[PDB]
Amino acid sequence: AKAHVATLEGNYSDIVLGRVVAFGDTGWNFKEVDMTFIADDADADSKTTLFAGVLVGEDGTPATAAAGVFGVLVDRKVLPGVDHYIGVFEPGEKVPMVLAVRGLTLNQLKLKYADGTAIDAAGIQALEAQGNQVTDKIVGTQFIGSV
Amino acid sequence: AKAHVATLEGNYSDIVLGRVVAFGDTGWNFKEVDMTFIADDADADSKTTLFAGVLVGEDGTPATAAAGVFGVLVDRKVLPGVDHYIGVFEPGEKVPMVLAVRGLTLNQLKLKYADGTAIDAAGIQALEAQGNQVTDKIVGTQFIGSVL
Amino acid sequence: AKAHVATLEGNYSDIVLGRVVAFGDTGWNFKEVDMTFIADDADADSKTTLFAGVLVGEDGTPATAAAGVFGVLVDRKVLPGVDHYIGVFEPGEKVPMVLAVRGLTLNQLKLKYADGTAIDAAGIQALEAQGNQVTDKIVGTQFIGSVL
Numbered sequence: 002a003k004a005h006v007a008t009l010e011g012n013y014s015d016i017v018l019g020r021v022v023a024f025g026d027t028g029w030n031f032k033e034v035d036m037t038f039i040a041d042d043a044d045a046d047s048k049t050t051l052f053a054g055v056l057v058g059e060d061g062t063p064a065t066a067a068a069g070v071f072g073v074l075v076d077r078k079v080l081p082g083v084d085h086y087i088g089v090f091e092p093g094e095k096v097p098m099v100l101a102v103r104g105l106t107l108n109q110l111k112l113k114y115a116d117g118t119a120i121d122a123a124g125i126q127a128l129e130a131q132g133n134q135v136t137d138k139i140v141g142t143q144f145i146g147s148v
Numbered sequence: 002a003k004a005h006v007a008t009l010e011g012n013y014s015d016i017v018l019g020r021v022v023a024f025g026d027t028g029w030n031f032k033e034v035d036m037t038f039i040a041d042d043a044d045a046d047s048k049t050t051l052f053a054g055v056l057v058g059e060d061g062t063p064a065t066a067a068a069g070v071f072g073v074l075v076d077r078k079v080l081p082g083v084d085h086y087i088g089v090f091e092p093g094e095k096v097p098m099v100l101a102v103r104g105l106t107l108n109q110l111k112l113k114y115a116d117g118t119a120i121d122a123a124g125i126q127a128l129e130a131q132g133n134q135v136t137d138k139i140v141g142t143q144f145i146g147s148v149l
Numbered sequence: 002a003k004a005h006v007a008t009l010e011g012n013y014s015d016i017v018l019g020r021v022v023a024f025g026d027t028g029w030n031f032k033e034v035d036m037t038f039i040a041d042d043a044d045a046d047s048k049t050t051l052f053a054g055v056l057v058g059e060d061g062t063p064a065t066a067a068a069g070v071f072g073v074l075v076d077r078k079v080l081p082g083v084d085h086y087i088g089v090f091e092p093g094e095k096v097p098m099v100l101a102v103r104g105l106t107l108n109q110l111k112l113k114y115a116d117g118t119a120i121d122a123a124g125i126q127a128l129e130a131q132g133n134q135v136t137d138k139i140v141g142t143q144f145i146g147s148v149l
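Protein chains in written order, with UniProt numbering: chain A, 2 to 148; chain B, 2 to 149; chain C, 2 to 149.
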């Protein structure tokens, strides 16, 4: 008897808190690389397990350790509320993804490895090292019950 | 016989010669780290030994070598003439202080290790590798007793 | 049937496609280096072998491998269409040159090593360590005799 329900909370802004806007080149911050969108050996209807905030190395494989951390995936195809991207790609297909590399302020709490685990402290060094600011200073919000 | 005197030389903008104004995140250039303000072992009211321009690592320990250089202490509590913070703290307590990290131009001549010695030619790479321009072309100033 | 003919091809802004300008400094992207202009063997009246887009190390030696790339030489003395410095510097002299290091979007098709060889894929890593973008998405151009 379970009711069919859908949910949506959070936006792209919550991932990219801040950004340096280079006057001479608006694209100075982003590197575009190709990754496997639909998982391999899966049905055309198998929704991809790629989500905003997954760390990916410059090669394109999602990062499972501090070693492979190069950037943050912010592609417009994997933002919250993007649902109808089903079957438009074949298994094992490689399609371009956009990544943010340098000159950004990132939300510490939402960066996650390929498995979804939060970024290790040793991994934060890679992001901090190159361009970016990683900060967990977030206000949060209260909805109901919590006066 | 030792007439009490005080001196002021330099200020905040005399170290951070230039800054890249990040849009949206105005704190893109700075980090906050907890540091031991009053020495762990010292008199209850001994002034802290920290001075502006001292190199500091990621954990807040003053950098004694190029290996531990991460940033430059910039916080307002250590600027010249801010001695009114004496006695407030207690030995062994750690207090946050702002550090400068990236996107800045730094006056080399005022960067010194914890011991007060001048920055090393190897440690300069760490600061420059962070996205900063360490420079030496400073006009300087000359006072009475110099022919101009 | 021989006539004295001269030609000009390019510009300065096709190497540094974009640049981030800092409020504090308009010159924190670059670095000035001491470079040898005329080799120690070629007589005084001979053209220099450098060109805009040659990768150089910090010590001023033109880059020969991906492990030594530090910046791109974009000084205004070697821009295309100048050609008036022949014989002004005797062999072995050392002259300052303006390198471009940080905060740039750099063309790849014009970057080259010491001998003119194109930039290796593993040499892009060194140049992006300074925080720059190496982009190949250049429309190019096509002159008379071509369709479109």
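Even for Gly, the Cβ is constructed at its ideal location relative to N, Cα and C.
Can C/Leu80 and C/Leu100 be called in contact, C-beta distance under 8 angstroms?
no
Starting from the beta carbon of A/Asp26, find every residue of chain C whose beta carbon is closer than 8 angstroms, and list them in chain order.
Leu18, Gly19, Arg20, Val21, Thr106 and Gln134
Run of the alpha helix (DSSP H) containing C/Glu129, from where it starts to where it stops:
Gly124 to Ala130
Any beta strand (DSSP E) of 3 or more consecutive residues that is wholly inside the segment 56 to 140 of chain B
Segments of the beta strand (DSSP E) lying fully in the segment 56 to 140 of chain B: 72 to 74, 95 to 101, 105 to 108 and 134 to 136.
Minimum C-alpha distance to C/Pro92 - residue among C/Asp41, C/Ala68, C/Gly124 and C/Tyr114
C/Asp41
Would you please state the rounded distance, in angstroms, between the beta carbons of A/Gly61 and A/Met36? I believe it to be under 8 angstroms.
4 angstroms
So, is C/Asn12 buried or exposed, given that buried needs 16 or more other C-beta atoms within 10 angstroms?
By the neighbour-count rule (16 or more Cβ atoms within 10 Å), C/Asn12 is not buried but exposed.
Report the option in C/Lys138, C/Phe52, C/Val148 and C/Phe71 whose CA atom is closest to the CA atom of C/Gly124.
Of the listed residues, the one whose Cα sits closest to C/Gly124 is C/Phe71.
Are A/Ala64 and A/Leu51 close, meaning C-beta to C-beta below 8 angstroms?
Not in contact: A/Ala64 and A/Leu51 (Cβ atoms no closer than 8 angstroms).
When burial is assigned at 16 or more other CB atoms within 10 Å of the CB, is B/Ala23 buried or exposed?
buried
If you drop the 5 nearest sequence neighbours on each side, which residues of the same chain put their C-beta closer than 8 angstroms to that of C/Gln143?
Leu149
Note the first and the last residue of the continuous beta strand (DSSP E) segment covering B/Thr37.
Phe31 to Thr37
Of all the CB atoms in chain B, is at least one closer than 8 angstroms to the CB of C/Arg77?
It does not: the Cβ of C/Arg77 has no partner Cβ on chain B nearer than 8 angstroms.
Pull up the DSSP beta-bridge partners for A/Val17, would you.
A/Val17 is bridged to A/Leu107.
Using a 10 Å radius around the Cβ and a threshold of 16 neighbouring Cβ atoms, would you call C/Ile145 buried or exposed?
exposed
Taking only the alpha-carbon atoms, compute the straight-line gap between A/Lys48 and A/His85 and give it to the nearest angstrom.
10 angstroms
Assuming C/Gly19 and C/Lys111 are in contact, meaning their beta carbons sit under 8 angstroms apart, how far apart are those beta carbons, in whole angstroms?
Incorrect: roughly 14 angstroms between the Cβ atoms, too far for contact.
Check whether the Cβ atoms of C/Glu94 and C/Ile39 lie closer than 8 angstroms to each other.
In terms of Cβ geometry, C/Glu94 and C/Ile39 form a close pair [threshold 8 angstroms].
So, using beta-carbon positions, are A/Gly104 and A/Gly58 closer together than 8 angstroms?
no
Could you give the distance in angstroms between the alpha-carbon of B/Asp26 and the alpha-carbon of A/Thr106?
7 angstroms
Beta-carbon within less than 8 angstroms of C/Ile87's beta-carbon, same chain only, minus the 5 sequence neighbours each way: which residues are those?
Excluding sequence neighbours, C/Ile87 sits near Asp46, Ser47 and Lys48.
Cα separation between B/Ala127 and B/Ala66?
11 angstroms
Closest residue to A/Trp29 among C/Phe31, C/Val34, C/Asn30 and C/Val21 (Cα-Cα distance)
C/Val21
Could you tell me if B/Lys32 is buried or exposed, where buried requires 16 or more neighbouring beta carbons within 10 angstroms of its beta carbon?
buried
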